[PDB]
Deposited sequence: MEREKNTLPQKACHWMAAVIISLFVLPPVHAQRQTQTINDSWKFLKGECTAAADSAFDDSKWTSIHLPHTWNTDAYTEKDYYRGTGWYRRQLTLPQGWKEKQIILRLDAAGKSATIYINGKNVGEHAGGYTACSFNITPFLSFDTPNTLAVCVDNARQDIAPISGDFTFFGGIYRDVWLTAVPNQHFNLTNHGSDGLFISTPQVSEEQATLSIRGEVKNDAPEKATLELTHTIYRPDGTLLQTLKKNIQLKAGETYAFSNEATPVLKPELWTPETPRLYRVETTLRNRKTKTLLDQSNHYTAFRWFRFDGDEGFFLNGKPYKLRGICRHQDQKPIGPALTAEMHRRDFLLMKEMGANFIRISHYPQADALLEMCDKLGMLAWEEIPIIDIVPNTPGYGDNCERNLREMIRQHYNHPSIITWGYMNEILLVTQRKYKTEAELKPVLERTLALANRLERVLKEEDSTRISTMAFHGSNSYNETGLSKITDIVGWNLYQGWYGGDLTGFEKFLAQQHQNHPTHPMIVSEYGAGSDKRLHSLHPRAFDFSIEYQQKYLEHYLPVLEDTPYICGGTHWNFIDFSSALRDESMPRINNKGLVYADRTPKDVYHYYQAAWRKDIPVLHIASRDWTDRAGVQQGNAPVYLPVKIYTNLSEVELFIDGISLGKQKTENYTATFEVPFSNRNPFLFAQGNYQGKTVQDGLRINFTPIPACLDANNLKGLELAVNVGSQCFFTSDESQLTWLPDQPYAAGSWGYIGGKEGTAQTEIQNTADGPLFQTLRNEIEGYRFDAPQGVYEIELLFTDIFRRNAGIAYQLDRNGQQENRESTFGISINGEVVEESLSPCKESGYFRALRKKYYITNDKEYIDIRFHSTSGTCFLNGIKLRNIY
């Protein structure tokens, strides 16, 4: 019978090409001891010292005696970008693509006397294998399990594109009666004939047997046999939705028939479900209408050790289901098997796609390798009922439109692109005609004007109105105009979202400030549009989780360490009717600070996400009133005063009482500096920005810029300036990324003493900008030119010890070349 285990242990690994490291006689003593899954560049210095090259994986296989008359199948669940397999120095085969599995019958190349050498030649630098752009162009390693399967010589075909060789489909489904079709290949690898018996046992969702199918066959030696057995129509079927995921086990045993011995066995689930996308009326599931409540999802495990990302795939999914999503868009996800299994068993419709993104260049064999990835994805995941559609292209004109302008420049690229698109579109339905095809566009109409939208069953629009330029209400406007022009093209919003930093907070949120509060606004707008519009089949939000790459990736709902952002609970409130949701949406904001008048309490908004009709918010036991909820949200102006306040909210749902609680930190900052309130104070201002930044260098909260008023402090002159480049030499990137430009001076009305002043600059204007600085009429810097000394986009921090013998600190800026700017200022009383 059949036996499957992992060989993930006791590997040696050498980063670099090497002189037949496939040889069994090799000295791998000084290579690195590694344990698979193994991910290559888990240390990011950008392009410089990010490894693009060939690596070598080596492990000894000492075989078990119980396998000497058994075929041995070696499978690699995923290995990117491409690997070649050496048993004992000999080439068994290669693979191209780091998101599908591959498998090789390695029985010939193996002896049972001396230990065998398994060597793998992996390469992440291959521009002829998708993806060719984006964060995963160089995703390298054997970053998934590796399996040794042993079977009798009469087995199912485990070398059909890395799949199970089995394919269960349902050719007709209705509420009353559905048909089943079980297909696959059997392979005789013994040197003679064989008379066998093929059984199909079909179980109900409750465990009991429903139907048995026996059929029996003969096979000349070496023969591979193609079976295809219909089944008795299932009467009154148990139908499958993400809310009701009823699965029928299909056990497929293979018996010797002279002796009724069991040989090989292979279980698979299937389920009964039908669906259609209507261009006017939306999605339908089992006859009944249904909103796709989706999120996108690709490889995004956090690096937790040397060459080792996390393995949280499963508990990640629990977090999607408890948010109440019913749809997942999958791409760049190695061993997506693991994810779809839970999409089947726990409930979540799915699309998956091979990753052909951004541009179709003239790279030889790109097209050929892409069609193979498309076939592999479909065959390896055929038997998942959660999968209702296969894609293959994502924003395929995005880089083309940046790189080619004249229609004489685009004609050879568009020809090439429509060509690969149609090619893969036929491969798709040649491989599986029981699912819908889709293609995701970026927000331009040239996916219509070039023909790419007439190819696929349905179409995805990646819309970022209100993020990458534009206004929030152009989201509905873009979709409306798309449904007016092309009403037969049923639409999904396959990507939307806005990035956010836990470090950033605003009371006046605008796009590209990266504040928690703006992503909350942007998603508070989009989510009703997706639900209350009928001709929108639903959406898939930008990748569920935040992630980083050396080569903007913070638009998710869950932080990289798997804590949900506050806004997670906004979806949960809107998508889970079954349980009460009550979230004080201030986990993202436990380090609060504001400017205070004398002893007048400070008011900062505290938001609440709930699905309760009304909710009460208390602080230190003092009811702040009741508030009716609209769009699952409610905002209180909370009077922060005391330093360790305690927020508490409650309300009612379905008879019972629902509560939440949370402790935060609040620090007040004086509006008018006298000498009591200056002591132990570090007054830090995020010049030229409207955001509270909370520092990782210092854990100080750098306050928003405010204009100088008599008795107080603030800026004099200038206008807000923003840049979006990586600022080097600091962890506090965002503080340097916003300045006040054409600044005249900065002033604090502060008593006499000795003060430490820090000033923060970064030149972001690639005549050069040079200026002088003075304090209380005495020159501390005669000519400061941030770009000649640091360079553009590096960071400067200058600290000055100042002896103030006036009643104010008047810092002022002296234009010489270009413009005066200030990126941050910090004041500190010393004496």
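Engineer: Which segments of the deposited sequence lack C-alpha coordinates in the modelled structure, numbering from residue 1?
Structural biologist: Deposited residues absent from the model fall in 1-31, 583-589, 805-821.
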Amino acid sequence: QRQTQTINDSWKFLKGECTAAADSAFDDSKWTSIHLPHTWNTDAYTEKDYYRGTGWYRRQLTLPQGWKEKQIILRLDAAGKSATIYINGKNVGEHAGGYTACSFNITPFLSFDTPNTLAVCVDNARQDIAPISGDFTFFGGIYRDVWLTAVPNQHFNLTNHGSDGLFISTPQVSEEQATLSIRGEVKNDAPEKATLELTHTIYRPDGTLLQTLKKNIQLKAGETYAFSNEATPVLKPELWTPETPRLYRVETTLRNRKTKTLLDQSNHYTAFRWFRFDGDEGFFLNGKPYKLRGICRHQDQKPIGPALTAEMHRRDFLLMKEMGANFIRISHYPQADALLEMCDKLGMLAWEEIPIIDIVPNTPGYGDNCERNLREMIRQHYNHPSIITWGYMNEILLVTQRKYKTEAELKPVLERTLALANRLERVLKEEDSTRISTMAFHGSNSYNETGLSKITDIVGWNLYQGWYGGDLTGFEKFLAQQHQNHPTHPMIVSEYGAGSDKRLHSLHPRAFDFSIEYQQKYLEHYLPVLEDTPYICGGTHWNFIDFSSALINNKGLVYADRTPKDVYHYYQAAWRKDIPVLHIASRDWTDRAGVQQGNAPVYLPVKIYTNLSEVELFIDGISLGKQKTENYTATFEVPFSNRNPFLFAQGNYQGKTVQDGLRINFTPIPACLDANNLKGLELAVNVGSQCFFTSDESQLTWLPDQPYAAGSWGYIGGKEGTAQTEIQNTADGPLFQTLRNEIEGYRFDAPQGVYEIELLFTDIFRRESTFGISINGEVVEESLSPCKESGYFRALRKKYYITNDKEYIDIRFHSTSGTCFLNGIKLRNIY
From here on, numbers count along this sequence of modelled residues.
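Engineer: Using the B-factors recorded in the PDB entry, average over the C-alpha atoms of 128-136 and of 718-726, then report which stretch comes out higher.
Structural biologist: Taking the mean B-factor of the alpha carbons in each, 718-726 is higher.
Engineer: Check the entry's C-alpha temperature factors for 87-95 and 573-581, then say which stretch has the higher mean.
Structural biologist: Per the deposited B-factors, the answer is 87-95.
Engineer: In terms of CA temperature factor as recorded, identify the highest of 587, 291, 656, 298.
Structural biologist: Answer, based on the entry's C-alpha B-factors: 656.
Engineer: Between 695, 188, 103, 506, where does the Cα B-factor run highest in the record?
Structural biologist: Result of the comparison over 695, 188, 103, 506: 188.
Engineer: Ordered by C-alpha B-factor within the chain, which third holds residue 775? Give me lowest, middle or highest, please.
Structural biologist: Answer is highest: the recorded C-alpha B-factor places it there.
Engineer: Considering every modelled residue of the chain and its Cα B-factor in the PDB entry, is residue 711 in the lowest, middle or highest third?
Structural biologist: As the PDB entry reports it, the C-alpha B-factor of residue 711 lands in the highest third of its chain.
Engineer: Grab the CA temperature factor for residue 171 from the record and place it in the lowest, middle or highest third of its chain.
Structural biologist: For residue 171, whose C-alpha B-factor we compare with every modelled residue in the chain, the answer is the highest third.
Engineer: For residue 52, return the chain-relative third of its C-alpha B-factor as stated in the PDB record: lowest, middle or highest.
Structural biologist: For residue 52, the deposited C-alpha B-factor lands in the lowest third.
Engineer: Mind checking which third residue 8 falls in for C-alpha B-factor across the chain?
Structural biologist: Its C-alpha B-factor belongs to the lowest third of this chain's values.
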